[PDB]
Amino acid sequence: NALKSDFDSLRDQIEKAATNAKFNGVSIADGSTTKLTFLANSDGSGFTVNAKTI
Amino acid sequence: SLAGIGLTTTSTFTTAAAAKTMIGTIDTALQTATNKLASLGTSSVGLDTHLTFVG
(Lines give C-alpha, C1' and ligand atoms only; values in the text may rest on other atoms or scores of the structure.)
Protein backbone atom coordinates (compact mmCIF):
# COMPACT_ATOMS: atom_id res chain seq x y z
CA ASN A 1 0.00 0.00 0.00
CA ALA A 2 2.87 2.39 0.71
CA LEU A 3 4.46 1.64 -2.66
CA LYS A 4 1.07 2.22 -4.31
CA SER A 5 0.58 5.58 -2.59
CA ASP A 6 4.07 6.71 -3.58
CA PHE A 7 3.38 5.63 -7.17
CA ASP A 8 0.21 7.72 -7.15
CA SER A 9 2.02 10.77 -5.80
CA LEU A 10 4.75 10.39 -8.42
CA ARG A 11 2.31 10.18 -11.33
CA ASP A 12 0.48 13.24 -9.97
CA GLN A 13 3.84 15.02 -9.90
CA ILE A 14 4.40 14.02 -13.53
CA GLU A 15 1.04 15.41 -14.59
CA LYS A 16 1.62 18.70 -12.78
CA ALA A 17 5.23 19.15 -13.95
CA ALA A 18 3.95 18.61 -17.50
CA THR A 19 1.17 21.13 -16.83
CA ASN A 20 3.71 23.79 -15.80
CA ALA A 21 5.80 23.52 -18.99
CA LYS A 22 4.85 26.85 -20.60
CA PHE A 23 7.09 29.66 -21.87
CA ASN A 24 5.32 33.03 -21.72
CA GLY A 25 1.88 31.48 -22.15
CA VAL A 26 2.77 29.09 -25.00
CA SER A 27 3.87 25.47 -24.72
CA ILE A 28 5.09 22.83 -27.16
CA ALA A 29 5.24 19.87 -24.75
CA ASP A 30 1.84 19.82 -22.96
CA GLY A 31 -0.40 18.91 -25.91
CA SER A 32 -2.07 22.33 -26.07
CA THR A 33 -1.40 22.59 -29.82
CA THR A 34 -0.44 20.39 -32.76
CA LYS A 35 2.58 22.41 -33.95
CA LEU A 36 4.30 25.78 -33.78
CA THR A 37 5.74 27.36 -36.93
CA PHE A 38 8.60 29.87 -36.67
CA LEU A 39 9.82 32.46 -39.15
CA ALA A 40 12.66 31.37 -41.44
CA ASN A 41 13.04 34.28 -43.89
CA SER A 42 11.75 37.80 -44.61
CA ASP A 43 8.98 36.51 -46.91
CA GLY A 44 7.28 34.75 -43.98
CA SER A 45 8.26 31.18 -44.85
CA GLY A 46 8.09 29.07 -41.71
CA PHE A 47 10.22 26.65 -39.69
CA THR A 48 7.69 24.14 -38.39
CA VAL A 49 8.40 22.12 -35.24
CA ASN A 50 5.81 19.48 -34.34
CA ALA A 51 4.58 19.50 -30.76
CA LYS A 52 5.54 16.49 -28.63
CA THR A 53 3.06 15.85 -25.83
CA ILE A 54 4.68 14.97 -22.50
CA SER B 1 -1.50 57.53 -50.49
CA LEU B 2 -2.69 54.15 -49.23
CA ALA B 3 -5.27 54.02 -52.01
CA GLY B 4 -2.44 54.58 -54.50
CA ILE B 5 -0.16 51.87 -53.08
CA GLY B 6 -2.80 49.13 -52.98
CA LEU B 7 -3.69 49.48 -49.29
CA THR B 8 -6.78 50.84 -47.55
CA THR B 9 -7.65 53.21 -44.70
CA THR B 10 -8.95 50.25 -42.65
CA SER B 11 -6.42 47.61 -43.71
CA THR B 12 -5.37 45.41 -40.79
CA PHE B 13 -4.84 41.81 -39.71
CA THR B 14 -6.83 39.96 -37.06
CA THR B 15 -5.04 36.57 -37.13
CA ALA B 16 -1.60 35.12 -37.83
CA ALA B 17 -2.64 34.01 -41.33
CA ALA B 18 -4.00 37.48 -42.06
CA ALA B 19 -0.60 38.83 -41.02
CA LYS B 20 1.11 36.25 -43.23
CA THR B 21 -0.83 37.64 -46.21
CA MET B 22 -0.20 41.19 -44.94
CA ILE B 23 3.54 40.57 -45.33
CA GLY B 24 3.22 40.16 -49.09
CA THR B 25 0.68 42.96 -49.34
CA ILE B 26 3.11 45.36 -47.65
CA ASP B 27 5.88 44.03 -49.91
CA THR B 28 3.94 44.93 -53.06
CA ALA B 29 2.94 48.30 -51.58
CA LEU B 30 6.53 49.26 -50.79
CA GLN B 31 7.66 48.10 -54.23
CA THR B 32 5.12 50.18 -56.13
CA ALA B 33 5.69 53.26 -53.94
CA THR B 34 9.44 53.06 -54.47
CA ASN B 35 8.95 52.76 -58.24
CA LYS B 36 6.75 55.86 -58.18
CA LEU B 37 9.36 57.84 -56.26
CA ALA B 38 12.04 56.78 -58.76
CA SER B 39 9.90 58.01 -61.65
CA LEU B 40 9.38 61.34 -59.88
CA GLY B 41 13.14 61.73 -59.43
CA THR B 42 13.77 61.04 -63.10
CA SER B 43 11.19 63.70 -63.98
CA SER B 44 12.95 66.19 -61.70
CA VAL B 45 16.32 65.56 -63.36
CA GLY B 46 14.67 66.07 -66.74
CA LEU B 47 13.27 69.42 -65.62
CA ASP B 48 16.75 70.49 -64.51
CA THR B 49 18.30 69.54 -67.85
CA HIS B 50 15.62 71.47 -69.72
CA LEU B 51 16.29 74.44 -67.43
CA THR B 52 19.94 74.48 -68.44
CA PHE B 53 19.11 74.23 -72.14
CA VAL B 54 16.51 77.01 -71.87
CA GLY B 55 19.06 79.31 -70.28
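Residues numbered from 1 in each chain as written, not as in the entry; some residues may be left out. Chains lettered and ligands numbered in written order. Part of a larger assembly, values for the part shown. Heavy atoms only, no water.

Going by the header, the method for this PDB entry is cryo-EM, and the resolution given is 2.53 Å.

Novice: Any chance you could explain the overall build of chain A here in plain terms?
Specialist: Looking only at helices and strands, one finds one helix and two strands in chain A. Secondary structure of chain A in N-to-C order comes out as α-β-β. Whereas a compact globule of 54 residues would reach a radius of gyration of roughly 10 Å, chain A reaches 17 Å, over 25% beyond that. Dimensions of chain A, computed from C-alpha atoms along their principal axes, come out at roughly 60 × 20 × 10 Å. Every one of the 54 residues in chain A was classed for burial, and the buried ones make up 9%. When contacts within chain A are restricted to residue pairs at least 6 apart in sequence, those whose partners lie at least 24 apart make up 11%. Side-chain charges of chain A comprise 6 positive and 6 negative groups, with the mean position of each set lying 3 Å from the other. (Helix = DSSP H or I, 4+ residues; strand = E, 2+ residues; numbered from the N terminus. Rg over C-alpha atoms; globule rule 2.2 N^0.38 Å. Buried < 20%, exposed > 50% of the residue type's maximum accessible area, 1.4 Å probe, protein only. Contact = heavy atoms within 4.5 Å. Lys, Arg positive; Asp, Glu negative; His and termini not counted. Charge placed at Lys NZ, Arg CZ, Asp CG, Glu CD.)

Novice: I keep staring at unusual backbone geometry and nothing clicks. Help me out?
Specialist: Most peptide bonds take the trans configuration, and most residues that are not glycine carry a negative phi. One non-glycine residue, A:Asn24, adopts positive backbone phi at about 55 degrees. Inspection of the secondary structure assignment puts A:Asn24 in the loop between α1 (2-19) and β1 (35-36).

Novice: Is there a simple way to explain the environment of A:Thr37 in this structure?
Specialist: Residues and elements named next belong to chain A. Structurally, the position occupied by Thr37 is in the loop between β1 and β2 (49-50). Residues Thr37 and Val49, twelve residues apart in the sequence, show an inter-C-alpha distance of 6.1 Å. In contact with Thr37, not counting residues within four places along its chain, are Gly46, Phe47 and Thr48.

Novice: Can you walk me through the environment of A:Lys22 in this structure?
Specialist: Residues and elements named next belong to chain A. The residue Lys22 is located in the loop between α1 and β1 in this model. Linking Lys22 and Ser32, residues ten residues apart in sequence, is a C-alpha distance of 9.9 Å. Non-local contacts of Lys22, meaning those with residues more than four positions away in its chain, are made with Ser27 and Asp30.

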